[PDB]
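Undergrad: So that we are looking at the same thing, I have put the structure below in structure tokens.
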There are 2 protein chains.
Amino acid sequence: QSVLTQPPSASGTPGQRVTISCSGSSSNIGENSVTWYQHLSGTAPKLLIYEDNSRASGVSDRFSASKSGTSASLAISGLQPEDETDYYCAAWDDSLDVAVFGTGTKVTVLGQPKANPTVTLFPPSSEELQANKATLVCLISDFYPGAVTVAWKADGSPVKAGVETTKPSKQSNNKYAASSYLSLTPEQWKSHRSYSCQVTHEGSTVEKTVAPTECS
Amino acid sequence: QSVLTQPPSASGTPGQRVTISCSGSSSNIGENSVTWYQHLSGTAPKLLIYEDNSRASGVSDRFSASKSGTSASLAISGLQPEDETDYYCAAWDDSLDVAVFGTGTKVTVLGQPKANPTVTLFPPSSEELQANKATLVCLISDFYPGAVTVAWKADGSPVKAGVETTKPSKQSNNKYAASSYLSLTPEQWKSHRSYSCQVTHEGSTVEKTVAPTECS
């Protein structure tokens with residue numbers, strides 16, 4: 001299927017120079033023309049950088065672009081506040097004779113000191129375990145910008161089935177919050193050594209963990 | 001300053017049939033093929049139709065489109081929970097000699113079935129009780145509509161401590177999940193007999209109770 005990998009968030013303080021990376025494959029970025037669109041909800045996308053580095057009209061000098069190996073780079077070189085938009089990167093595949101796009105990345109003009117989230121990993125509730133069910137939560141409180149990335153693991157193994165992660169949510173102290181849960185079965189839970197929860201929030205990453213414990 | 005016009009939204013019920021409007025001018029729609037994308041607000045866009053009616057890879061026979069002079073129109077036969085996303089149109093503009101985009105259209109599948117919340121309450125983890133910290137998460141999943149009230153209560157009285165509740169976000173089963181965390185101190189915590197969280201969802205209330213337990 002394909003799709004250009006694009007960080008969830010890119011941020012900085014006004015005046016600051018930001019960079020959006022789009023890691024396509026040695027098929028799209030790795031050969032083909034790269035197109036950059038900025039996108040505001042309620043507004044039709046805008047053509048940013050027209051052919052890799054060659055900028056469009058209307059488009060400003062602040063917005064720079066370097067295509068490279070299998071990767072490109074929009075730099076919003078002069079961070080002004082109107083810049084908190086979406087920036088999608090489209091390029092041309094071969095998984096048909098198709099153009100794959102990026103998952104997009106939201107630029108936030110740091111308006112508060114960049115905050116990294118606190119993850120609180122909780123194991124299966126006792127009322128719960130007795131009911132023949134087992135769910136764990138990844139409390140991701142207090143981050144800003146508001147775009148975390150979760151991923152779990154069982155004995156150092158990446159787990160996909162049944163994970164669900166809430167869309168970040170601005171909290172009273174103005175920081176975002178999220179949670180993610182991994183619904184298991186009681187013995188799948190007890191099967192394993194430890195279970196991890198991972199949240200990568202703008203470059204940084206936290207890996208918190210929990211094990212099944214005695215009792216039960 | 002060029003754009004293609006689309007209704008802001010367009011809703012309907014499950015099984016109903018809805019059309020997105022993407023009208024333009026001679027230069028755009030009125031001379032070249034229109035294309036349509038899906039855009040699950042937060043993901044890579046999905047190319048939907050091309051050559052105004054020619055479909056694509058793994059797109060439902062569900063989505064069909066038109067063109068006649070100036071107007072193009074998506075027709076999603078029989079809405080499915082899953083169709084609620086943005087829909088943009090594109091048509092090369094042979095006077096801007098650039099591809100033009102509509103302003104988007106959020107479809108919303110309105111007549112869905114009432115799913116009732118699953119409440120799971122987690123007492124503080126030790127890991128955090130040995131940081132002289134204690135949070136509780138009241139996890140509410142599998143509910144539809146995406147609305148709730150959560151009231152936390154300490155033995156007796158309801159509490160307004162560090163009660164932070166997230167906005168229900170559509171999950172992958174196409175339902176919702178919210179998470180309400182309550183920040184206490186090992187004191188407030190063991191200083192009570194119990195805390196419970198009462199979720200109200202469509203006239204029906206559900207409460208779970210957690211007590212300063214041992215081991216779990």
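Please note that chains go A, B, ... in the order of the structure tokens, that every chain numbers its residues from 1, and that ligands are numbered from 1 in the order shown.
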So that I can check the secondary structure, give me every residue of range 2-213 of chain B assigned alpha helix (DSSP H) by backbone DSSP, as an MDAnalysis selection string.
TA: chainID B and resid 126:129 186:190
Undergrad: What lies within 8 Å of residue 23 in chain B using only C-alpha atoms, ignoring chain neighbours under 3 positions off, as number ranges by chain?
TA: B: 4-6, 29, 70-73
Undergrad: Between B:163, B:139, B:3, B:76, which one has atoms that come closest to residue 101 in chain B, using only C-alpha atoms?
TA: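 Nearest to residue 101 in chain B: B:3.
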Undergrad: Leaving out residue 132 in chain B and any residue of its chain fewer than 5 positions from it, which residues lie within 10 Å of it when counting only C-alpha atoms, given as a VMD selection string?
TA: chain B and resid 126 to 127 184 to 187
Undergrad: Tell me the residues of chain A close to chain B, meaning within 9 Å using only C-alpha atoms, as a PDB file with N, CA, C and O atoms, in the first residue's frame.
TA:
```
ATOM      1  N   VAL A   3       2.772   4.788   1.710  1.00  0.00           N
ATOM      2  CA  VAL A   3       2.370   6.059   2.336  1.00  0.00           C
ATOM      3  C   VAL A   3       3.673   6.620   2.915  1.00  0.00           C
ATOM      4  O   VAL A   3       4.485   5.830   3.436  1.00  0.00           O
ATOM      5  N   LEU A   4       3.867   7.912   2.723  1.00  0.00           N
ATOM      6  CA  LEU A   4       5.079   8.567   3.206  1.00  0.00           C
ATOM      7  C   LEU A   4       4.983   8.726   4.706  1.00  0.00           C
ATOM      8  O   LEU A   4       3.952   9.237   5.162  1.00  0.00           O
ATOM      9  N   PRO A   8       4.383  13.038  13.377  1.00  0.00           N
ATOM     10  CA  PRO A   8       3.075  13.493  13.796  1.00  0.00           C
ATOM     11  C   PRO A   8       2.978  14.981  14.094  1.00  0.00           C
ATOM     12  O   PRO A   8       1.994  15.724  13.893  1.00  0.00           O
ATOM     13  N   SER A  41      -7.840  22.880   8.022  1.00  0.00           N
ATOM     14  CA  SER A  41      -9.265  22.456   8.035  1.00  0.00           C
ATOM     15  C   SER A  41     -10.093  23.719   7.677  1.00  0.00           C
ATOM     16  O   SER A  41      -9.810  24.836   8.149  1.00  0.00           O
ATOM     17  N   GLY A  42     -11.102  23.427   6.876  1.00  0.00           N
ATOM     18  CA  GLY A  42     -12.040  24.461   6.411  1.00  0.00           C
ATOM     19  C   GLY A  42     -11.557  25.135   5.131  1.00  0.00           C
ATOM     20  O   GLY A  42     -12.277  25.987   4.557  1.00  0.00           O
ATOM     21  N   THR A  43     -10.350  24.720   4.728  1.00  0.00           N
ATOM     22  CA  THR A  43      -9.674  25.223   3.536  1.00  0.00           C
ATOM     23  C   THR A  43      -9.032  24.073   2.773  1.00  0.00           C
ATOM     24  O   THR A  43      -8.539  23.098   3.355  1.00  0.00           O
ATOM     25  N   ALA A  44      -9.116  24.241   1.463  1.00  0.00           N
ATOM     26  CA  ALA A  44      -8.589  23.320   0.439  1.00  0.00           C
ATOM     27  C   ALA A  44      -7.077  23.378   0.595  1.00  0.00           C
ATOM     28  O   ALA A  44      -6.522  24.470   0.913  1.00  0.00           O
ATOM     29  N   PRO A  45      -6.450  22.248   0.379  1.00  0.00           N
ATOM     30  CA  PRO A  45      -4.969  22.210   0.521  1.00  0.00           C
ATOM     31  C   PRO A  45      -4.314  23.252  -0.358  1.00  0.00           C
ATOM     32  O   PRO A  45      -4.872  23.768  -1.349  1.00  0.00           O
ATOM     33  N   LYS A  46      -3.098  23.613   0.000  1.00  0.00           N
ATOM     34  CA  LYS A  46      -2.304  24.578  -0.770  1.00  0.00           C
ATOM     35  C   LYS A  46      -1.042  23.873  -1.281  1.00  0.00           C
ATOM     36  O   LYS A  46      -0.472  23.030  -0.564  1.00  0.00           O
ATOM     37  N   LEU A  47      -0.670  24.223  -2.506  1.00  0.00           N
ATOM     38  CA  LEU A  47       0.574  23.659  -3.048  1.00  0.00           C
ATOM     39  C   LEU A  47       1.756  24.526  -2.530  1.00  0.00           C
ATOM     40  O   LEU A  47       1.893  25.709  -2.884  1.00  0.00           O
ATOM     41  N   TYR A  88       1.537  17.826   4.315  1.00  0.00           N
ATOM     42  CA  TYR A  88       1.497  16.570   3.595  1.00  0.00           C
ATOM     43  C   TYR A  88       2.535  16.718   2.447  1.00  0.00           C
ATOM     44  O   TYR A  88       2.754  17.826   1.909  1.00  0.00           O
ATOM     45  N   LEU A  96       1.639   0.675  -8.010  1.00  0.00           N
ATOM     46  CA  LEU A  96       0.667   0.784  -9.082  1.00  0.00           C
ATOM     47  C   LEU A  96       1.389   1.560 -10.209  1.00  0.00           C
ATOM     48  O   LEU A  96       2.036   1.056 -11.125  1.00  0.00           O
ATOM     49  N   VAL A 100       2.076   8.210  -3.434  1.00  0.00           N
ATOM     50  CA  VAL A 100       1.753   7.950  -2.025  1.00  0.00           C
ATOM     51  C   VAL A 100       1.925   9.245  -1.248  1.00  0.00           C
ATOM     52  O   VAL A 100       2.797  10.068  -1.607  1.00  0.00           O
ATOM     53  N   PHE A 101       1.083   9.425  -0.224  1.00  0.00           N
ATOM     54  CA  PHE A 101       1.217  10.674   0.533  1.00  0.00           C
ATOM     55  C   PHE A 101       1.681  10.344   1.944  1.00  0.00           C
ATOM     56  O   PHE A 101       1.716   9.194   2.327  1.00  0.00           O
ATOM     57  N   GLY A 102       1.997  11.449   2.577  1.00  0.00           N
ATOM     58  CA  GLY A 102       2.485  11.355   3.948  1.00  0.00           C
ATOM     59  C   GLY A 102       1.288  11.361   4.894  1.00  0.00           C
ATOM     60  O   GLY A 102       0.193  11.865   4.594  1.00  0.00           O
ATOM     61  N   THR A 103       1.614  10.792   6.031  1.00  0.00           N
ATOM     62  CA  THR A 103       0.623  10.724   7.099  1.00  0.00           C
ATOM     63  C   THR A 103       0.370  12.115   7.674  1.00  0.00           C
ATOM     64  O   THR A 103      -0.514  12.284   8.550  1.00  0.00           O
ATOM     65  N   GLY A 104       1.109  13.111   7.200  1.00  0.00           N
ATOM     66  CA  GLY A 104       0.920  14.494   7.652  1.00  0.00           C
ATOM     67  C   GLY A 104       1.613  14.755   8.955  1.00  0.00           C
ATOM     68  O   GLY A 104       1.974  13.789   9.637  1.00  0.00           O
ATOM     69  N   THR A 105       1.841  16.002   9.290  1.00  0.00           N
ATOM     70  CA  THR A 105       2.562  16.404  10.527  1.00  0.00           C
ATOM     71  C   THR A 105       2.025  17.792  10.871  1.00  0.00           C
ATOM     72  O   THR A 105       1.835  18.613   9.961  1.00  0.00           O
ATOM     73  N   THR A 120       1.909   6.411  32.738  1.00  0.00           N
ATOM     74  CA  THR A 120       1.545   5.636  33.927  1.00  0.00           C
ATOM     75  C   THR A 120       0.859   4.404  33.360  1.00  0.00           C
ATOM     76  O   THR A 120      -0.198   4.601  32.764  1.00  0.00           O
ATOM     77  N   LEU A 121       1.594   3.323  33.486  1.00  0.00           N
ATOM     78  CA  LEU A 121       1.192   2.005  32.969  1.00  0.00           C
ATOM     79  C   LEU A 121       0.535   1.238  34.109  1.00  0.00           C
ATOM     80  O   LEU A 121       1.177   1.049  35.164  1.00  0.00           O
ATOM     81  N   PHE A 122      -0.729   0.843  33.896  1.00  0.00           N
ATOM     82  CA  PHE A 122      -1.482   0.129  34.959  1.00  0.00           C
ATOM     83  C   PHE A 122      -1.826  -1.246  34.460  1.00  0.00           C
ATOM     84  O   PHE A 122      -2.306  -1.278  33.344  1.00  0.00           O
ATOM     85  N   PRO A 123      -1.684  -2.197  35.304  1.00  0.00           N
ATOM     86  CA  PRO A 123      -2.059  -3.594  34.916  1.00  0.00           C
ATOM     87  C   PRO A 123      -3.543  -3.856  35.184  1.00  0.00           C
ATOM     88  O   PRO A 123      -4.291  -2.960  35.638  1.00  0.00           O
ATOM     89  N   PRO A 124      -3.995  -5.067  34.895  1.00  0.00           N
ATOM     90  CA  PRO A 124      -5.351  -5.507  35.066  1.00  0.00           C
ATOM     91  C   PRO A 124      -5.818  -5.413  36.518  1.00  0.00           C
ATOM     92  O   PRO A 124      -5.215  -5.963  37.441  1.00  0.00           O
ATOM     93  N   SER A 125      -6.929  -4.698  36.599  1.00  0.00           N
ATOM     94  CA  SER A 125      -7.759  -4.351  37.754  1.00  0.00           C
ATOM     95  C   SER A 125      -8.158  -5.651  38.414  1.00  0.00           C
ATOM     96  O   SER A 125      -8.285  -6.654  37.676  1.00  0.00           O
ATOM     97  N   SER A 126      -8.347  -5.653  39.714  1.00  0.00           N
ATOM     98  CA  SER A 126      -8.713  -7.005  40.276  1.00  0.00           C
ATOM     99  C   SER A 126     -10.164  -7.294  39.960  1.00  0.00           C
ATOM    100  O   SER A 126     -10.430  -8.400  39.467  1.00  0.00           O
ATOM    101  N   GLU A 127     -11.066  -6.368  40.203  1.00  0.00           N
ATOM    102  CA  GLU A 127     -12.475  -6.679  39.896  1.00  0.00           C
ATOM    103  C   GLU A 127     -12.352  -7.333  38.502  1.00  0.00           C
ATOM    104  O   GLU A 127     -12.850  -8.444  38.272  1.00  0.00           O
ATOM    105  N   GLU A 128     -11.650  -6.691  37.602  1.00  0.00           N
ATOM    106  CA  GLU A 128     -11.528  -7.151  36.214  1.00  0.00           C
ATOM    107  C   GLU A 128     -11.027  -8.547  36.018  1.00  0.00           C
ATOM    108  O   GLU A 128     -11.656  -9.410  35.361  1.00  0.00           O
ATOM    109  N   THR A 135      -7.399  -5.803  30.858  1.00  0.00           N
ATOM    110  CA  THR A 135      -7.109  -4.595  30.073  1.00  0.00           C
ATOM    111  C   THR A 135      -6.011  -3.796  30.748  1.00  0.00           C
ATOM    112  O   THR A 135      -6.018  -3.760  31.992  1.00  0.00           O
ATOM    113  N   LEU A 136      -5.112  -3.167  30.028  1.00  0.00           N
ATOM    114  CA  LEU A 136      -4.118  -2.318  30.676  1.00  0.00           C
ATOM    115  C   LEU A 136      -4.307  -0.993  29.926  1.00  0.00           C
ATOM    116  O   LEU A 136      -4.811  -1.054  28.788  1.00  0.00           O
ATOM    117  N   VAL A 137      -3.903   0.006  30.637  1.00  0.00           N
ATOM    118  CA  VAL A 137      -3.974   1.424  30.204  1.00  0.00           C
ATOM    119  C   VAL A 137      -2.590   2.067  30.214  1.00  0.00           C
ATOM    120  O   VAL A 137      -1.719   1.719  31.025  1.00  0.00           O
ATOM    121  N   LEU A 139      -1.474   5.678  30.715  1.00  0.00           N
ATOM    122  CA  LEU A 139      -1.977   7.080  30.852  1.00  0.00           C
ATOM    123  C   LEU A 139      -0.866   7.952  30.325  1.00  0.00           C
ATOM    124  O   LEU A 139       0.239   7.901  30.849  1.00  0.00           O
ATOM    125  N   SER A 141      -0.471  11.515  30.380  1.00  0.00           N
ATOM    126  CA  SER A 141      -0.939  12.871  30.757  1.00  0.00           C
ATOM    127  C   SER A 141       0.142  13.901  30.528  1.00  0.00           C
ATOM    128  O   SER A 141       1.320  13.523  30.359  1.00  0.00           O
ATOM    129  N   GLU A 164      -5.836   0.408  21.289  1.00  0.00           N
ATOM    130  CA  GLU A 164      -6.664   1.555  20.961  1.00  0.00           C
ATOM    131  C   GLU A 164      -6.083   2.687  21.801  1.00  0.00           C
ATOM    132  O   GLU A 164      -5.831   2.483  22.969  1.00  0.00           O
ATOM    133  N   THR A 165      -5.897   3.755  21.133  1.00  0.00           N
ATOM    134  CA  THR A 165      -5.320   4.972  21.683  1.00  0.00           C
ATOM    135  C   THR A 165      -6.247   6.138  21.338  1.00  0.00           C
ATOM    136  O   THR A 165      -6.614   6.381  20.183  1.00  0.00           O
ATOM    137  N   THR A 166      -6.606   6.819  22.406  1.00  0.00           N
ATOM    138  CA  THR A 166      -7.441   8.017  22.416  1.00  0.00           C
ATOM    139  C   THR A 166      -6.658   9.090  21.657  1.00  0.00           C
ATOM    140  O   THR A 166      -5.427   9.089  21.667  1.00  0.00           O
ATOM    141  N   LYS A 167      -7.377   9.980  21.055  1.00  0.00           N
ATOM    142  CA  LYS A 167      -6.864  11.164  20.351  1.00  0.00           C
ATOM    143  C   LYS A 167      -6.535  12.150  21.491  1.00  0.00           C
ATOM    144  O   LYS A 167      -7.381  12.392  22.395  1.00  0.00           O
ATOM    145  N   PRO A 168      -5.292  12.634  21.498  1.00  0.00           N
ATOM    146  CA  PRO A 168      -4.870  13.599  22.513  1.00  0.00           C
ATOM    147  C   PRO A 168      -6.014  14.563  22.825  1.00  0.00           C
ATOM    148  O   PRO A 168      -6.823  14.922  21.949  1.00  0.00           O
ATOM    149  N   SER A 169      -6.068  15.019  24.064  1.00  0.00           N
ATOM    150  CA  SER A 169      -7.130  15.926  24.541  1.00  0.00           C
ATOM    151  C   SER A 169      -6.622  16.980  25.514  1.00  0.00           C
ATOM    152  O   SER A 169      -6.104  16.696  26.614  1.00  0.00           O
ATOM    153  N   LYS A 170      -6.795  18.224  25.064  1.00  0.00           N
ATOM    154  CA  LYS A 170      -6.355  19.381  25.859  1.00  0.00           C
ATOM    155  C   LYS A 170      -7.006  19.201  27.221  1.00  0.00           C
ATOM    156  O   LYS A 170      -8.208  18.834  27.353  1.00  0.00           O
ATOM    157  N   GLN A 171      -6.172  19.339  28.247  1.00  0.00           N
ATOM    158  CA  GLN A 171      -6.581  19.157  29.670  1.00  0.00           C
ATOM    159  C   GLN A 171      -6.650  20.531  30.282  1.00  0.00           C
ATOM    160  O   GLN A 171      -6.262  21.488  29.579  1.00  0.00           O
ATOM    161  N   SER A 172      -7.174  20.761  31.447  1.00  0.00           N
ATOM    162  CA  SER A 172      -7.320  22.043  32.111  1.00  0.00           C
ATOM    163  C   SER A 172      -6.012  22.813  32.194  1.00  0.00           C
ATOM    164  O   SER A 172      -6.055  24.044  31.947  1.00  0.00           O
ATOM    165  N   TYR A 176      -2.165  18.349  26.917  1.00  0.00           N
ATOM    166  CA  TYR A 176      -2.973  17.339  26.279  1.00  0.00           C
ATOM    167  C   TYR A 176      -2.942  16.078  27.125  1.00  0.00           C
ATOM    168  O   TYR A 176      -2.012  16.061  27.955  1.00  0.00           O
ATOM    169  N   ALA A 177      -3.891  15.207  26.846  1.00  0.00           N
ATOM    170  CA  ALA A 177      -3.878  13.919  27.561  1.00  0.00           C
ATOM    171  C   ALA A 177      -4.342  12.894  26.516  1.00  0.00           C
ATOM    172  O   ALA A 177      -4.885  13.304  25.501  1.00  0.00           O
ATOM    173  N   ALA A 178      -4.054  11.675  26.782  1.00  0.00           N
ATOM    174  CA  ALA A 178      -4.410  10.536  25.962  1.00  0.00           C
ATOM    175  C   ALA A 178      -4.322   9.329  26.931  1.00  0.00           C
ATOM    176  O   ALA A 178      -3.953   9.469  28.114  1.00  0.00           O
ATOM    177  N   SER A 179      -4.674   8.206  26.382  1.00  0.00           N
ATOM    178  CA  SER A 179      -4.616   6.940  27.123  1.00  0.00           C
ATOM    179  C   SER A 179      -4.614   5.908  26.006  1.00  0.00           C
ATOM    180  O   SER A 179      -5.001   6.260  24.886  1.00  0.00           O
ATOM    181  N   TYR A 181      -5.062   1.451  25.565  1.00  0.00           N
ATOM    182  CA  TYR A 181      -5.361   0.237  26.357  1.00  0.00           C
ATOM    183  C   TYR A 181      -5.103  -0.938  25.415  1.00  0.00           C
ATOM    184  O   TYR A 181      -5.224  -0.692  24.219  1.00  0.00           O
ATOM    185  N   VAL A 210       5.303  -3.040  33.053  1.00  0.00           N
ATOM    186  CA  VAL A 210       4.555  -3.717  34.137  1.00  0.00           C
ATOM    187  C   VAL A 210       4.570  -5.216  33.911  1.00  0.00           C
ATOM    188  O   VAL A 210       4.645  -5.641  32.749  1.00  0.00           O
ATOM    189  N   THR A 213       2.591  -9.785  38.430  1.00  0.00           N
ATOM    190  CA  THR A 213       2.601  -9.925  39.873  1.00  0.00           C
ATOM    191  C   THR A 213       2.017 -11.242  40.417  1.00  0.00           C
ATOM    192  O   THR A 213       1.224 -12.006  39.856  1.00  0.00           O
ATOM    193  N   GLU A 214       2.481 -11.419  41.676  1.00  0.00           N
ATOM    194  CA  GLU A 214       2.129 -12.516  42.560  1.00  0.00           C
ATOM    195  C   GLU A 214       0.618 -12.343  42.777  1.00  0.00           C
ATOM    196  O   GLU A 214      -0.056 -11.764  41.922  1.00  0.00           O
ATOM    197  N   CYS A 215       0.213 -12.799  43.942  1.00  0.00           N
ATOM    198  CA  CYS A 215      -1.255 -12.662  44.229  1.00  0.00           C
ATOM    199  C   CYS A 215      -1.953 -13.079  42.930  1.00  0.00           C
ATOM    200  O   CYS A 215      -1.373 -13.813  42.085  1.00  0.00           O
ATOM    201  N   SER A 216      -3.188 -12.664  42.802  1.00  0.00           N
ATOM    202  CA  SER A 216      -4.153 -12.859  41.731  1.00  0.00           C
ATOM    203  C   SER A 216      -5.305 -13.792  42.099  1.00  0.00           C
ATOM    204  O   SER A 216      -5.109 -14.794  42.808  1.00  0.00           O
TER     205      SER A 216
END
```
Undergrad: DSSP on the backbone: what in range 16-172 of chain A comes out strand (DSSP E or B), as a ChimeraX atom specification?
TA: /A:19-23,35-39,46-47,49-51,54-55,63-65,72-76,86-90,101-102,106-109,115,118-122,134-144,148-154,157-159,163-165,169-170
Undergrad: The selected residues should be written to file as a short mmCIF file (atom, residue, chain, number, x, y, z; two decimals), in the first residue's frame (atoms: C-alpha atoms).
TA:
```cif
data_model
loop_
_atom_site.label_atom_id
_atom_site.label_comp_id
_atom_site.auth_asym_id
_atom_site.auth_seq_id
_atom_site.Cartn_x
_atom_site.Cartn_y
_atom_site.Cartn_z
CA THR A 19 11.63 20.81 9.66
CA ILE A 20 9.11 18.27 8.46
CA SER A 21 10.65 14.98 7.36
CA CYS A 22 8.76 12.55 5.08
CA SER A 23 10.38 9.12 4.89
CA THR A 35 5.30 17.88 -3.70
CA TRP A 36 4.42 19.77 -0.53
CA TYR A 37 0.96 20.81 0.56
CA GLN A 38 0.07 22.76 3.72
CA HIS A 39 -3.53 22.05 4.85
CA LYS A 46 -2.30 24.58 -0.77
CA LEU A 47 0.57 23.66 -3.05
CA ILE A 49 6.99 23.35 -2.70
CA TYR A 50 6.20 22.33 -6.24
CA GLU A 51 8.90 19.91 -7.41
CA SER A 54 11.16 24.35 -6.43
CA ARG A 55 8.61 26.46 -4.63
CA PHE A 63 9.19 27.64 3.33
CA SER A 64 12.21 25.84 2.06
CA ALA A 65 12.58 22.27 0.83
CA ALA A 72 12.55 15.22 1.79
CA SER A 73 12.41 18.21 4.12
CA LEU A 74 10.05 21.20 4.38
CA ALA A 75 11.68 23.78 6.71
CA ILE A 76 9.27 26.56 7.81
CA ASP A 86 -0.78 20.36 8.29
CA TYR A 87 1.95 19.53 5.81
CA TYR A 88 1.50 16.57 3.60
CA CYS A 89 4.11 15.31 1.16
CA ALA A 90 3.06 13.43 -1.98
CA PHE A 101 1.22 10.67 0.53
CA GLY A 102 2.49 11.35 3.95
CA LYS A 106 1.11 19.23 12.57
CA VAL A 107 3.16 22.25 13.28
CA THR A 108 2.49 23.89 16.55
CA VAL A 109 4.09 27.26 17.31
CA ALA A 115 6.35 19.41 27.60
CA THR A 118 4.12 11.26 31.91
CA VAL A 119 3.18 7.65 31.19
CA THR A 120 1.54 5.64 33.93
CA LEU A 121 1.19 2.01 32.97
CA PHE A 122 -1.48 0.13 34.96
CA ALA A 134 -7.79 -8.11 31.39
CA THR A 135 -7.11 -4.60 30.07
CA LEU A 136 -4.12 -2.32 30.68
CA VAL A 137 -3.97 1.42 30.20
CA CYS A 138 -1.15 3.77 29.25
CA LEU A 139 -1.98 7.08 30.85
CA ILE A 140 -0.21 9.67 28.78
CA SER A 141 -0.94 12.87 30.76
CA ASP A 142 0.54 16.35 30.43
CA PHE A 143 2.21 16.81 26.95
CA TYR A 144 2.42 19.78 24.53
CA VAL A 148 2.07 11.47 21.14
CA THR A 149 2.70 8.09 19.52
CA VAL A 150 1.95 4.87 21.35
CA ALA A 151 3.10 1.34 20.84
CA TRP A 152 3.03 -1.68 23.17
CA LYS A 153 5.00 -4.84 23.52
CA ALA A 154 4.82 -8.18 25.26
CA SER A 157 7.67 -8.13 21.12
CA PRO A 158 5.49 -5.60 19.29
CA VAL A 159 1.76 -6.26 19.85
CA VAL A 163 -4.62 -1.67 21.02
CA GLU A 164 -6.66 1.56 20.96
CA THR A 165 -5.32 4.97 21.68
CA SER A 169 -7.13 15.93 24.54
CA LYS A 170 -6.35 19.38 25.86
#
```
Undergrad: Using only C-alpha atoms, can you tell me which of A:212, A:81, A:117, A:58 comes closest to residue 11 in chain A?
TA: A:81
Undergrad: Report, in Å to a single decimal, how far apart CA of residue 77 in chain B and CA of residue 15 in chain B are.
TA: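 We find that CA of residue 15 in chain B and CA of residue 77 in chain B lie 7.5 Å from each other.
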